[PDB]
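Below you'll find the structure, written out as structure tokens, and then a few comments.
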Amino acid sequence: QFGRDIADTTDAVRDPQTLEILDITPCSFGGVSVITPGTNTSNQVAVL
Amino acid sequence: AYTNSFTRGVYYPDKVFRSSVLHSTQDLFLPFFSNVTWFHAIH
Ligand SMILES: *[C@@H]1O[C@H](CO)[C@@H](O)[C@H](O)[C@H]1NC(C)=O
Ligand SMILES: *[C@@H]1O[C@H](CO)[C@@H](O)[C@H](O)[C@H]1NC(C)=O
Ligand SMILES: *[C@@H]1O[C@H](CO)[C@@H](O)[C@H](O)[C@H]1NC(C)=O
């Protein structure tokens with residue numbers, strides 16, 4: 001009924017309504033870096 | 001009489017699907033290359 005990964009988290013389950021196996025892929029994410037001049041000059045910033 | 005069990009006697013310790021991994025577990029297993037009694041069903 002359940003599968004597990006190396007980290008012991010769930011990788012896939014069998015749908016209790018339709019006997020198919022569904023993969024769980026974590027939603028896209030990533031770091032955000034801010035490039036800015038000092039507040040003593042300007043309050044305009046860029047986002048990376 | 002005894003024979004060589006080779007690598008028999010390994011079963012899944014639980015009901016979780018696992019794949020592509022080397023898993024170390026402690027459970028009741030048949031020792032490898034252990035002696036198992038050989039029985040006959042003739043005469
Ligand atoms: C309800 O469960 C039954 C039992 O397997 C299954 O055949 C059927 O697809 C399920 N209904 C729905 C709407 O998934
Ligand atoms: C702050 O700004 C002033 C004038 O805009 C300048 O004279 C001073 O050197 C600046 N200091 C720093 C730490 O940027
Ligand atoms: C199996 O039995 C043979 C002879 O009967 C003996 O030499 C051997 O050590 C035994 N092996 C095991 C794993 O008990």
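Note that we place each Cβ from the backbone using ideal geometry, even for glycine, and neighbour counts take in every protein chain shown. Just so it is clear, none of the values below were taken in a lab; they were calculated from the coordinates.
Would you mind stating whether A:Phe29 is under 30 Å from B:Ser19 (Cα atoms), more than 14 Å from every other protein chain (Cβ to nearest Cβ) and under 23 Å from the mean Cα position of the chain (by Cα)?
In short, yes.
On the given criteria, is A:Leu19 surrounded by fewer than 10 Cβ atoms within 10 Å (Cβ to Cβ), touching a residue at least 12 places away in the same chain (Cβ under 8 Å) and more than 16 Å from ligand 3 (Cβ to nearest atom)? Spell out the reasoning first.
Values: surrounded by fewer than 10 Cβ atoms within 10 Å (Cβ to Cβ): yes; touching a residue at least 12 places away in the same chain (Cβ under 8 Å): no; more than 16 Å from ligand 3 (Cβ to nearest atom): yes.
So A:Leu19 fails the test.
Listed here are the residues, each with its yes/no results for (1) within 28 Å of A:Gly3 (Cα to Cα); (2) within 16 Å of ligand 3 (Cβ to nearest atom); (3) assigned to a loop (DSSP other than H, G, I, E, B).
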{"position": "B:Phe6", "(1), (2), (3)": "no, yes, yes"}
{"position": "B:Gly9", "(1), (2), (3)": "yes, yes, yes"}
{"position": "B:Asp14", "(1), (2), (3)": "yes, no, yes"}
{"position": "B:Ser20", "(1), (2), (3)": "yes, no, yes"}
{"position": "B:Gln26", "(1), (2), (3)": "yes, no, yes"}
{"position": "B:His40", "(1), (2), (3)": "no, no, yes"}
{"position": "B:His43", "(1), (2), (3)": "no, no, yes"}
For this session: Enumerate the pairs (first residue in region A:34-48 and within 14 Å of another protein chain (Cβ to nearest Cβ); second residue anywhere and of a type in the set (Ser, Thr, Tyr) and within 16 Å of ligand 1 (Cβ to nearest atom)) with beta-carbon separation below 9 Å, excluding pairs fewer than 6 apart on the same chain, so at least 6 apart or on different chains.
Result: none
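Results for (1) more than 11 Å from the chain's Cα centre (by Cα); (2) surrounded by 10 or more Cβ atoms within 10 Å (Cβ to Cβ); (3) within 29 Å of A:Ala12 (Cβ to Cβ); (4) more than 16 Å from ligand 2 (Cβ to nearest atom), shown as yes or no for each residue.
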residue	(1), (2), (3), (4)
B:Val10	no, yes, yes, yes
B:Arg18	yes, yes, yes, yes
B:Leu22	yes, no, yes, yes
B:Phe32	no, yes, no, yes
